[PDB]
Every structure is written in structure tokens, then in C-alpha cells.
Amino acid sequence: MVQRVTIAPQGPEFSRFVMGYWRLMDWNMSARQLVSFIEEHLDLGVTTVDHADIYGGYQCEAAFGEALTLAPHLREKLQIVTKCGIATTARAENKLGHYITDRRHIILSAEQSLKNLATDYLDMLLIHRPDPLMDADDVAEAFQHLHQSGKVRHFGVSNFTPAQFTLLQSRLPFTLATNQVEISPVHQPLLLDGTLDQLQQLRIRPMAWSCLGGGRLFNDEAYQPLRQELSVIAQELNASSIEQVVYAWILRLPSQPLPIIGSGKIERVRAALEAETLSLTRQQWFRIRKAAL
Amino acid sequence: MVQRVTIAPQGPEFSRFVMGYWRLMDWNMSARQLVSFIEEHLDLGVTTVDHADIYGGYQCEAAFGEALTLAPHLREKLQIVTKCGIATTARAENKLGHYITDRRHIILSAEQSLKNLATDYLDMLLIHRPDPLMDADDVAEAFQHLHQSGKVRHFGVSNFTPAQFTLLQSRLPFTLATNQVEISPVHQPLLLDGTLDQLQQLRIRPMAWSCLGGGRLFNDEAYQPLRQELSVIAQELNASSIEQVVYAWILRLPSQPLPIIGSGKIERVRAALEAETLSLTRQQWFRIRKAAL
Amino acid sequence: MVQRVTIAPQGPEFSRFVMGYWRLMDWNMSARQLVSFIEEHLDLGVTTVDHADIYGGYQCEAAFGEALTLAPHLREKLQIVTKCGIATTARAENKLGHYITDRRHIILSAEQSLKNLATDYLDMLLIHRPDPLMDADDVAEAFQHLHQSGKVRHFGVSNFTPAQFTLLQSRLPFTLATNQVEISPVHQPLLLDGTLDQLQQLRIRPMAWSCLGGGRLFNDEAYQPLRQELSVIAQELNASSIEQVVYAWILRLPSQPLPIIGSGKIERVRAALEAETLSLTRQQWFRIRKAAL
Amino acid sequence: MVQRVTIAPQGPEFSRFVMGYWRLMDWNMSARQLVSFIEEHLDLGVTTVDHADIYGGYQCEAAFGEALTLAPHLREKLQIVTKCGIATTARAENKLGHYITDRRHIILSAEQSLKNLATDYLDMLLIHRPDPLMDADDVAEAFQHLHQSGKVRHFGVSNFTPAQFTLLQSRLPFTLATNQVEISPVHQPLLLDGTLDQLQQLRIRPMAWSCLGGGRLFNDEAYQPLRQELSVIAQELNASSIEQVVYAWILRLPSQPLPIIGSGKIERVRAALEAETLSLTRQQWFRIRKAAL
Amino acid sequence: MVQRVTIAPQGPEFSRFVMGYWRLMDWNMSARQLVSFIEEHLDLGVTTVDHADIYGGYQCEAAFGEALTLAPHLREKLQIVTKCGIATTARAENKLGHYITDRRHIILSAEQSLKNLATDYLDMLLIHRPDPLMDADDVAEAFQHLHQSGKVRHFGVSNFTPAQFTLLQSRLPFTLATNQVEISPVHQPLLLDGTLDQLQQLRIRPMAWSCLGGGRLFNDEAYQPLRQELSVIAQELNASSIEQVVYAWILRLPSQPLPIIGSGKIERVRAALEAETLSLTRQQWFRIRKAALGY
Amino acid sequence: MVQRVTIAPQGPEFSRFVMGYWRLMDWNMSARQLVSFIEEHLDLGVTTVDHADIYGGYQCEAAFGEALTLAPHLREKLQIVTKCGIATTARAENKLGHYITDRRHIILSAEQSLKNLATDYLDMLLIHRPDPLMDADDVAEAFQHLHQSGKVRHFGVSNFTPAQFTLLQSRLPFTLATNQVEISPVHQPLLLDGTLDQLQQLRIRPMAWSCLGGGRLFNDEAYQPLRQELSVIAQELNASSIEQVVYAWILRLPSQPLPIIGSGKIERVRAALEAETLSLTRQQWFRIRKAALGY
């Protein structure tokens, strides 16, 4: 089973690996098929799932909720994370992509999330992106309302700089439970730009997205000779695949990230979860870093 | 007319818009013409005015003082902000442009400002630029003397990074009342680099300079189709001019900036002030941002 | 009188200083007032004037043509340059700013320019900006048509890289007569990036726009201590103003630029034309360069 | 079905779209399944195919050759492009990834390619990457031997700068037939950096790789609202998928690129090919560019 | 003689100028010649010396300890600073250069340092470079153990960003006593990027390395015209040499850096210490800055 | 002995390694000691020597000419390269560093060079740096005059972009014989920015300066771990020193550079020339590249 992990002080207990549903609509699953898939990754210990209001042209939440309506007993076994803050052109009233982080929008988005997902509470709500118009007082008013009514148990952010993180935190009487950020051998700036230093310092563990380079590792022909060094290291470790090596690479980070898995096929999930057992050496970790840069 | 605003905790009360006098020598006004102009913007509710020792080759403060000696009753109605820290070659001793932030210079500069402006106090004194040779103990000692003697009511900085700001603040018994910074659709890095994040967190409102791009919006042929998108949004808001839309764009920031007006023509001042009544939508705000980038 | 200058091999004879009309609508002139202004700068030897289809929300060409209709004898004494290639949102069918460099648009734009300016020929037509969709074959087809019909006597470009310049040139049986580019102490990259090297090499003289920093020199408070070094040098040369020093700085360049003047007030034009008589030293030229960088 | 195109002066005739086999080992196809796939895209008019010695840990060429030995009649219907120049650690001799562009390596690589692909000629051989140790005389000697012997019909390069291209071309009696380069809404610098300017000038059409962003368009959560603007334009064009709109975006370039398709699923190939019939407006093209930036 | 300075709150007392020994192996000194050199800079007031486990291919520490063994009275007269955290290919087991900041490596490195330098305590131990794999709890455990046993008196870092500095500091019950960083007219980003602001704010003085541009000032043809602008300002100050001017320029910084001297020539050390008496004005400082950038 | 090479079409024949004299004043040589040093590198086959009007505060040329005056037979045995175009504050009339590339200054500079070096001709004259005020017609006039009179045999440039190079070349009836540029594992942008591509294309060989990183390789603490990766490859090649490895790395470039040696120690010159016989493989070259970048 996947390890159980407290992601922040007084924060929730998650599974170390998180199941990401941002691509759910591309998997072409029925509600019944989705139920089986959730049941499958639950049995492997992946209990924490990641959503957002905008995913799938604003349809993934609703589609996930249809599965939860078929199998009502699953809710209790899951930790549901979702997000708000982004406005895309998938909605007709949005003439251009932008951000909305006003109090009322946050409350309305969360409430809609509850309806879509067919549940009466969210485990965590995140601000999806840092908004130049973000009024921390107003976000705090929304969070306080959602918290005191029992509709949202924890709050965090996504893709925030440390200064943006500290601004919002300064308004809240509880700890921001995460800062969901992009971490992989393909995208390493947060390792040294201060983001991951801050998170380690506050003992807040990031949920890590785009762990496989946002598709570049396998589909960007320019990383093909890089696939090779992960292969060479894979065989040193007797790892079954290069994905396991990349996940191990991420887990090795001292901020102790929780990797988000995005594949809608189950033993690529299982393959991912085998990274918990690979002991990377430092030289193997740095060999990967340099092969990628 | 123009709103009254407290710019910081334990800070002064300023007008939301600030009249900037850095171009005063270029306006070719008699002392009596300048007296009429001050009275005119005072009647509109613009009471805060912005000076620096160096402006106009060290001439603008003295010119303003000529007006105040002719009309002594004006001083009590104004909040005078001036600065020190830059040394230009308009003075023979300065063989190159550089910075000077030593304790004695600050005090002597403030004292000369009083003499120039024909007043016995300043509402606020700013360090004009961050100086790599800035000793914060030295600045603090200067500020402390100016404060206890009643010569200067409040202190702030200009164009400081968050680290430079924190450094000086650490030495001071009172709160720095502002960080005067460049903010416009043409110059946006401070929106995301942490400068405005820190000011919002501390509830310190920045005075905003180069609000119209330091001349570029109207005089740079390259921004001329951009000037056209502001015209399109102006027509939507039924605004009489595009500068109104720009000022509304800045006011919309959650750090709540106080824009500095630099025009010596009173109808351009009045035109600016109707920005307070403009209802800029988020989408309009982001369209402006995108068109400028 | 202003010097007469051949700007390219087999190219037209221009005045060394060019009168720019991109801001004509902001000057608030009647047709009668504009006539007087043209007559005034003509008598000083400024015969070459610069237009574009998009200027003034597509109105400057027409406004200039009204003056030419009042005083028909002026056409013969002027060299008219205009441009096409940019599409702005000042026209309702343009939902966003973009470029159009298709054959038919170029021909139609030129033909409209002839109607607006109330004349039967243009001295030079320029591609206003380098378009990623630019098909050099199609531009060449348009130029050939306009040339062989006698509607346009010469052709050039604006803001092109040397590779973009060479691409278009490779299609044309005559020499591109200029590459209109931004040159000033405030914007110096073209001095070393290869643009001005290419122009000198081909003996093609650039028309230089934004010569005074697109408004920054006088209106960007951050260049105020830089105004000072131009002042110090102005007095060494006994120059009447800093504009004359900046123009002299530009004229000193070995690509031998033709500065475009944009002020609608006549002895700032006259003041500009006095730069022909200032002999800058190299040390003065480099002192300016370093004061600006 | 797919248009026939001559890619350069004295160059070969290719299909407008190219089938890329760099992912072939990941498709898990039997030799007979691969034979069916080749026949399927041949029937759609896709005849040009793209290989490299290194692809799939030096396995994709040989796998393709298994198909050609089973179906010998196919070779005459195909144009085979392959490459050399990169040395990866999938071979034991290579202790680090590097480049090898020495004369003997090029010849031996081309010869191994023939053996791998079970054919006695290649339609085109490319240098895979610009090598700081590239001696253009050495490459030229290799190309000359391969050409005179009839083993290779044409020669080109991949990812070269205009200076690297010019350098190699200077040594060759025949024209380099392509510069295979990365082009997509996600990666646009080549549009303006001179690479595509030079190819259009020489009337050489580039083969375009990573047309869909090297996986980012669909697998990078960060481009997911961007994926939505392509959906909006798709609906305007009544296109069945967004990749069609992307391919139409690339085809719209005046260098006239030949996009490389990398999907081993035949219906994704067919979906791509209907891009030829799509009428992309300039405004649509620029909206896509802006939404990606 | 060289002024003595408290480098941090609760921190040790160092000499304002620091003798750096990273180039020791290249000087080709016998152990006896090294004794004399140490005694000579000691006489001038230079008591603080800077080492690292990796210097000279893991050889410089041991070469220094041979001198200390011949002259054991010198030990008490010195403040010895050393470092760990970098792994170089001078050790066969390291197939590539990388970082090691685990607890047991830090402890074992410090203990090897003690054996190499032939002494039972270090005055200060530094983390040589920020390691993306740095676990601050682990470093704190190591530092705690070394402090508990008397083996190491004070602790600091080298080349840390302010966020890396704050991270490590959060775990420690004692103040980090320095952040050793690169400062010269040739390399100025730390003047404005927050590194030196943080140090001034915390009243922690940095040790400054590559004070003369890492060799470039004298050995890079491209700085020869700049070198000559330093000579003009030298003449104005009646300074014996341009090294004095550069050191004076660094000392003028309000973080109050301690310059590390790396020359094995006592003549040049002496010429460094004379910078303490130089009256560098603001315009001279700024003229220097600009000559170096091109401003 | 050092191979001889034709540096350009119609160009002069140089030694593959070039003795650079920009640091001459710092060596503290008497004129007689300089004679011996010249004779010693001459014996090893180093015949081409590199000077500039500005070097050593406008002193190095004249110091060299004093040696040539004591030993006038040496002149014919050397190819002398010098430069003009830079104005430094070592001359009182220059209140700031800048460039001067006007016709009469070029002519007067070359003529001063002749007087300084105590010789009646220069083998090659270079424009030292690209000048934004460079008027190529003016330079061509100067070069024409100097060529017409026999005072200068060949012409080239230093630190030019390819567009600056092409600009000047367009005006000249003879081929520019070199573009002297910076090349080292420490400074690699010219490998891929088109500078070296253009030179290879035109079959013009660059003279390479700052081959050892302008002092950084040895004097910058931050390259000490890299210095040690060069030592690993040295051992693999049985190379006496890492300087040999670096020179071999530069020689491997297909533009076929001529390295400028700047050491006044004949021991180190000798150790440079041994690079000609080193078998640097591709993987070794690339390992070096990557150790220097961090790739």
C-alpha cells in the first residue's frame, strides 16, 4: 500500500501519491468504468484525488461526481482536492482567459464543486494560480466562510511564489496546507529559486504536478537521448520502467513532494507506486539532474 | 472630489491622487501662476504633492517655495513629500551621477528642502533610490533626528526591493509609510516580483510613478496601436480619455496605489480624477494587460 | 537649409531631417493651420514627410491630404513616405491587432494612401513591421505592380532584422531604399546587433524613429539625472538645448541616419535642425552612450 | 489525399505530411501490424517517412526494416529520410551523450541504416544536430561518397542555425534539401530568428517536428486553457479536432513546412490530413499565436 | 596590525582580513616554509585562516596540519575555518562532481578535518555550497553533535541565497556566523540581489572570496583598460597598488565584509592590509563600480 | 617544433602557437632577459608574437622594441602582430575609456607601433575591438595607405561579430587574415553563435585569447572542482599538465585556432606546445565541455 502522509502542520492525511483527474475527459470512460478505476487505485492505497473547476472544459468534476453517485460508499475513503481562480474561454461569458479571486467567486466555485462532485464537503480547496488582482483579505473572507460552515476542511495554493504565499498566509488563522507546484527533471527552477526552501522550512509538502515533464519525456523527440540515461539508471536499480526512476527522483527531494499521477491506465499507476521502494543514490540523483539540464 | 487615504499603519492621510512636480521647470510658470495652479488642484481635492531635491537640476523645490511665500496659507492644506539620495552632475562637486545615503547628507538635504520650500516641516521624506552603500543604521539615525525635532513627520522609500525595504525597516521604531514605485500597463514586473505583494501584506500603499509609461503611451509610436485598445475600452466605459482608463487600471490593484499626476495643465489633472468613478471589470483589466505585453 | 541626401543607391533624394506626422491628430490643427506648418518646415528645408495608414486611428493621411487640397502647389516640393502592414482595432473588422502583408492588401492600402493624401503618386512605401506570415514573393508582386504603374517610386521596410531585409531584397529587381528603425541614446541595441552594420554595408541610410526615446528623455522621471549629462555636454558645445545634442549623437553614427522629427511646434523643429552644425567629439559621443546605458 | 511537394531546388518530391517513426518501439506493433499501418498511411497519400539511427535506443530503423522485408513492394512507394550525428549511451561505447560528425561515422551510419531498413538506398540523409566539432569539409566528403555511389539521393540538416547551414552548404555541389526544425504554437522563436527567413529565401521547405508541442498541448496542464482557445477556433472552422487547427497553423507559414506526424494510430493520422482543407484566417492565426505566448 | 572583528552576534572574533589556503598546493612550499609564512601573516595580525576538505584535491588541509605539527604553539593563535558539502572527482568513488550534505558525511568530514589539520577543534565549519538535496534537519543534527562535543565552535554557510540561509537558520539554536560569498568590482550581483541586505540586517559579516575577480583583473586581457582606471584612482589615493584600491572598495560595503587573501606571497599580503587606511570616497567607489560594468 | 600554418587565403604564415605580450610589464624583465626569452620561444618554433598599442599602459610595444634593438637579427625571424582602436585612461587626454577608429588615428597608431617596436614594417595590424562609430570606408583608406607603403603586410580584426566582419571586409581589396577571439572551456559562446562558423567557412583561422579562462581556471576557487576533472582527463592522456589538455581542447575545434600563450615563463610555453601531440577523443572533448558548463 501507498504510505500515509500528513502534508502540513494540522493539515490532512493524504496518500503520498495523488491521482490527478485533469485529463479525465480524454480517457473516454463511462461512469461505471470510472467507478472501477477509482476502486482499483483505492485498493493500491491512492486515496487522494486532484481536481479543479476548469478541468475538461469545466466537466471533469461533474463526471467524477457521477461515479460517486453510483458508488456512494467511496466518498469516505477519498480525500478530494479541488481548485478555483482561473476563468477560461470554455465558458461563453469569459471573452478571454483570466483570473478571478474575489470572495463571492471563490465561495460560489466551491459550492458548485460540492454539487458537481456530489458531496457535502471538500478536503482541500486551492487557489489555482497567483492573480495580480489577488486581494488576500477577500480570499481570507471566503476561506473563513467555507471553513466555519464545514464545507471545506483545509486550504492551500498552487504555483505561488514565496512572497505570494506569505501574503495570503498572513491573513489566515490556520496553516496553508500546500503549494502545488511543477517539479521534474525537465523543470527544475523551484529547486533553487526559493519555493521549495520555503516549503521545507514551514514543513509543508508540495503536491507536484507535471512530474513527467508535461509530456515531453516521452513525446518530445528532443528528450529521446535523455530517456536513455533514465534507462541506464533504471537498470542499475532494476526498476521496471523509467517513470519509476523519475518519481523516485522527485521523492528524494527534501521538501518531500507528493507526486500527482495523471494516467487513466491502472498499472501505469501501479508502476508509479513502485518508486517508493527504489533507493536512489546521490550520484544517481545528480546524474539525472545533469542529463536533463 | 478626490478621496482621502491613510497610506500606512500610523501613517499620514493623503489624497488618493498625488500632484508630482518633477517637470515644474519645464512648465515655465511664474510664482503667481503656480499659486493659481496649486489652488486649482487643491479645490479638486488633490492635496498631496511630490518633490525631490534633484528635480529640475535642483530647482523645482525652490520654485515651489516661491509660491508658498506668496501664499503662506497654502502650506497647512498640503502634504509635502520630498526625497534625497541621488547626486547629479547639475552640482559642480558631483563629477559623476551617484548615490549618497550617509547620515549627514540626509539631514542637510532635508534641511535644504525646508529652506527651499519655505516651510518648517515636511510631511514625508523618502530615500530616492536603493544605494548599494546604504548603511541602514546611518539612515535610521538621520530619520530619528529629523523625527524628534519635528522637521519631518513620516519616512518612506522609493524603488526599493522587498529585501532593501525590510533592511531599513528593521532599524526604525516607526513604520515606513510608502515605497514609491513605477506602475503602469507599460511597466508591470512589480505586480508579480514581490514588491506589491509585500506592500499589500504590510498594508502600506505605494505612490505610483510613470503611470502613463514615462511618456511612451502617447510619444512612442510603438505603443500607438496599444493606445487604440485603451480607446476601445474607454468607449465601453464612456470615459472621456484614455488616461482615465489607465489610472483606473492602476487603482484596481489590491495594493491600492496612489497615482502621481505629472501634468502642469489643470484640465489634464481633472480628467485624471474622474478615474475614481470608473468601473473597470476584471476582463477589461486583463485585456489592457495583454494588449500592453 | 537642411542638407539634401540620397538615402540609397538609385534611391530618392530626401532632406536629412524628416518631418513625422504620426501625432498629427494630437496637435489639434485645422487644415489651414497645417498648411502654414508645412510651409514653415519647407522653408527650413524639411521636404521629406513620414506617414502610415494606421496613424491617428487611420486619420492622419486624410488630414494631411486636406492641407494638400487647400495648397496644391506643395505636393511637388515634398517627398511623401507612407507605410502599410499593420492592422489595428481602430477598424471594426480587426478584432485584434495583427499584420497583413498579402499582395492585394498592400496594393489596396497604397491606393487608399493616394486618395487620402490627395496625390497621384507616393515617393516611398514601406512595410511597417516584419510579419511572421510575410510571403516575400507576394510583397514583390505588389511592389512591382505599384512601381510599373507609376503609383510608387521607391520601396523600403521598417523595423526589419537583417535576415528579414535580405529575404525581401532577394525578390526585388531594385534596391530597398531604407530600413526605418529605432535609434537613440535610450535604445541602442541596433548599434551592435547587426542592423546598422548591414545598412552601412549596403550604403542604405536608415530613417530613425523615436529619436528622443519615445518620450522617456523628457517624461520618464528616471531619465531626469540623464537629462543632466546631455545638459553638461550641451554647454560644452554651446548648444541651445539637449534635443540638439541627441540629434547630433544620432547623426554621428556611420550608417548616417535621417532623424524623424515628431513635434508639431515649429521652432522645436528649428531647434532640431541646428544639430547639423554641432561637431560632437568621440569622447562626448561615448559619454552620452554610457550615461544612458 | 495528401499533396505532393518538391522540397527544394533540384530536391525530391515528398508528401506534404511526413510520418515520423521515432516513437515506433512504444507502439508495440508486430512487423505485420506495421506493414498494415504503412499501407494505411500510403493509401492516404502519406509517402515520406522519418527515421534516425538513434531512435528507440537504435531500434526503430531495424523494426521498420522487418516490415519492408515482409513487404518488399513498399520501398518504391516510400521516401525514406533518416539521420546521423548523435551518439547516445544506449550504445556501450558511448559513456556520455555527445555528437559525432566525422566523415567515417557518417558513411558507416548511412550504411548501417541501409542494412537496418532492408533497402539499398535512402532518399535523404540529415545531420541530426549542429555539432560544435563539425568540420564541413568532412561532412561534404562523406556526402559526396554517399551520393556518387547512389546510396543516398539527397542531403539536409536538422536544427541548424542559418550560419551553420550556410557553412555546410558552401562545401556542397548540390543544394541541401531541408533544415528539419521545431515549429508549433508552443515553440515559435524560429518564426523571427532568421531560420525560417533563410529557408523561404532559398525556397527550401523545412520538415517540422514537435508540431503539437512535444506532448505539452495535451499533457501539460499549463496549456489546458490554451487547448481551449484552439477548441474555440476549431468550432469556428467546423474542424473535428484541435490538432487539425494546429497543423493548419503550421501550413500557413510562408516557408511552407512539411509537418511530421508522430502518432501510431491511423485515425489520428487521417485527422491530421484534413488540415489541408482548413481555411485559417490571418486573425485566427494571430489569435492562436497570442493565446500560446 | 589588522583590526579584529566580531563577525556575528554570539559569533567568534576574527581578523578583518582572512588568509585563504585553497591555492596552497600550487605555492610549492615545504612544511617549514609554510610555518614561516603563517608566522609572518600572524605577525601582521592575520589570525583567521580559510580551508575546505576539497581544496587541492583533498590535500591542502593535511599540508597545513604538517606545519601545525612542526609548530604546535601556532594553533591557539589561529581561528581555523573549514568547509564540507562538495564531492569532486579527485576521489575515485565520485564519478561526477556533486554535493553531499547528509548528517554522517558532515560529521565524518569535520572529523577528517581535525585529523588533517592536526588539531582537536575547529573554530568554524561551513556548508560549502547550497545543495538542492539539503535537508536542514539533518545538517542541524550534525552541527548539534559537533557543537556538543567541542569539536566545532561555530557554524556558517557559503554561497547561500537568503532563502537557503533562512531555511538552515530556522533549525539551529545558535546564529549562523557567516555566509561566505563572492564580491568584487568584477562580480557585483550580490550588492543588490538581497544577499548582502540580509547579512547587514542580521548584523552578520560575510567572508568575501574572489576579491580580485578570480584572476581576471590581472590575467584577463579584457580587463586591462579597467585595471588602468583602478591605477588612476590609486594615484589619486597615493595607493601603492591597485589591489589596495579593490580591497578598499570591498571594505566600503555596509555589510562590512572580511576579504579572503589567497596569495602565498607575504609581500602581497602586506600590500593587502594597507587597504584598511585608504580613504575611498563615494565618487571613487562609484567610478570603480562603473568602470567595471560599463554603466 | 611548432607547426607553421597559413592563417587565411593569401594570408601570412604563422606559428600555430602565438606568444602574447600583453602582460610583459608585469614580468619585470630587463631588455636583455627579454632577448633571451624571445630567442628561447623562437627555438621552440614560436615565431608569431601578439602586441597592441594599449598593452601595459602604452608601454609593452616599446619594451619589446628595446629587445629588438639589442638583437636586430631577431626581427626577420618574427611575425609581429599589433592592434589599435582602443583609447584608455592611461593617456591623460582620454577622460574615459572609448574607441577610436578614424583614418588618421589608425595611421598614426601604426606609425607609433613601428617606432616603438623599432622596425620598419608590421606583419599584421588588427582593429582591436568593434566600434559602433566604425566607418568601414575610413578604416579601408587607412589600411590601403599602410599597405601601399609597405608599413603593414596584412590586416585583421579582433572580437568582431560576423556582421561587423563582413562590413569591413566588403571595403577591402585583400582578405582579412584573422578575427582574434576569446575561446576556452570557460567561455564557449563563439562555438555556436556563428563567429567560428563564419571563420571556418571563409577558411580564416582565428587567433584565440584567454585560452585558460582569463586566469579563472587556476585563480578562481569556483573552478577548482572543474580543474580536477581536467586532471582526470590529463591522467588518461598521460599529459604532463592540465594546460596541455585545455590547449588540445581548443586545437580540436574545426576553425583550427592559433592559441595565444601569455606566460613569461619558458617552462610553461614548452608545456603548451606539447598539446600538438595530444590525442583528445570526442568523448574527452565533450566531457570537458560539460564539466565547464554543468550541462
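Letters A, B, C, D, E and F mark the chains as written, and numbering starts fresh at 1 in each.
Keep in mind that, in the parts below, a contact is a pair of C-beta atoms (placed from the backbone, for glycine too) under 8 Å apart; a residue touches a chain by one contact, two chains touch by 3 or more.
According to UniProt, the chain labels map to these proteins: A, B, C, D, E, F = Aldo/keto reductase.
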Equivalent of A-D within the choices A-B, B-C or C-D, defined by over half of its residue contact pairs recurring: B-C
B-E compared against C-E, more contacting pairs: B-E
Distance from chain D (Aldo/keto reductase) to chain B (Aldo/keto reductase) - Cα centre to Cα centre, in angstrom: 56
Euclidean distance of C-alpha centroids - chain B (Aldo/keto reductase) vs chain F (Aldo/keto reductase), Å: 53
Centre-to-centre distance between chain E (Aldo/keto reductase) and chain A (Aldo/keto reductase) (centres being mean Cα positions), rounded to whole Å: 43
Chain B (Aldo/keto reductase) residues counted as touching two or more neighbouring chains: 162, 290
Chain C (Aldo/keto reductase) residues touching chain D (Aldo/keto reductase) - in the complex, by the definition given at the top: 87, 94-96, 98-100, 130, 132-136, 161, 163-164, 166-167, 170
Of chain E (Aldo/keto reductase), residues touching chain C (Aldo/keto reductase) in the complex: 290, 294-295
In the complex with chain C (Aldo/keto reductase), residue positions of chain B (Aldo/keto reductase) that touch it: 20, 22-23, 26, 54-55, 57, 86, 88-90, 97, 182, 209-210, 212-216, 218-226, 228-229, 231-232, 262, 291
Contact set on chain B (Aldo/keto reductase) toward chain A (Aldo/keto reductase) in their complex: 162, 188, 191-192, 194, 197-198, 200-201, 252-254, 282-283, 285-287, 289-290
Complex contact set, residues of chain A (Aldo/keto reductase) against chain F (Aldo/keto reductase): 290, 293
